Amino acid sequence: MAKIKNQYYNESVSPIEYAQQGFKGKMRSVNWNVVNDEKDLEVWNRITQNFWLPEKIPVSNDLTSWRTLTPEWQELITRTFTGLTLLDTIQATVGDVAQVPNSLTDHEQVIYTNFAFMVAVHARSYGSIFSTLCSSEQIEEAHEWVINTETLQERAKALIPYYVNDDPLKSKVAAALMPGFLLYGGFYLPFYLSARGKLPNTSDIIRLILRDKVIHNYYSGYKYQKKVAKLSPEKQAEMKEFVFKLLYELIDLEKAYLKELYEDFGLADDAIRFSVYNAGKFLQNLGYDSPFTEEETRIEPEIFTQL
């Protein structure tokens, strides 16, 4: 009989929904005075207060440390970081922006535009490190190595087709696998170096990148769970099967890449365990149980501390 508060919201659509429906409906503005899910406001406040730029970190203080490393190890660092910059590039320009039309709330739509911009800043910060420490030849040979190393490329090629959003839940899982899983095999190396007193200022940038990417992974898992809980029991079963199948395939690709990257340095076995440990955390973030054994996820305490 009586009008409810904010009835206009039920008689309108967001602009992206207007487009998805084929251009029908009355469009509403975002309402930041009525937040439908308090978690959206909490995350908005945290990610915007955490804004940073790499020019504030004195990476040049690392030059003495960098010059004590052999050319082989300088090459390893440049290659590893350039491979991470590729993942950043995919997230910023494809994966995170593809989540905007997958949103449950108006406020979530713009939180993912923050995510995409901040992982662009992460890619910029790797550039800033190279500008300070590397020679032009080191930089160019790392970019050549990235495009020509098939084990590296295959990890990226496995995930990009899901961002076409044929299925919004599969897209969201494929997006979260970047900051929630593929990050960690590369971050093993700065954690290893930091524990041995090398490149302390570079490590500060690594920790700022980590602070952002952890929230990106958490928020995607939160929205995944809220949507999956509304599906039928058999659709929930199909989604759980897809997640495990995709993750197992990606672990195989990641193991092959980390072996190629690290084997000559003796770091491959430890980095793979570090990666699989974080695959277990990734599943828990989606509301699933981890199947991995204690032995295959063992981490050195000094790496756990750096984390």
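Residue positions are given as counts along the sequence shown, with the first one as 1.
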Pick between 258-266 and 26-34: the one whose mean CA B-factor in the entry is higher.
258-266
On mean Cα temperature factor in this entry, is 117-125 or 163-171 the higher one?
163-171
Identity of residue with top Cα B-factor, from 44, 66, 52, 277:
277
Listed options 103, 232, 217, 82: highest C-alpha B factor recorded at 232
Is the Cα B-factor recorded for residue 236 in the lowest, middle or highest third of its chain?
highest
Which third of the chain holds residue 190 when residues are ordered by C-alpha B factor: lowest, middle or highest?
middle
Test of reading the entry: by CA B factor among the chain's modelled residues, which third contains residue 14?
lowest
Should residue 206 be placed in the lowest, middle or highest third of its chain by the C-alpha B factor in the entry?
lowest
Splitting the chain's C-alpha B-factors into thirds, which one does residue 139 fall into?
lowest
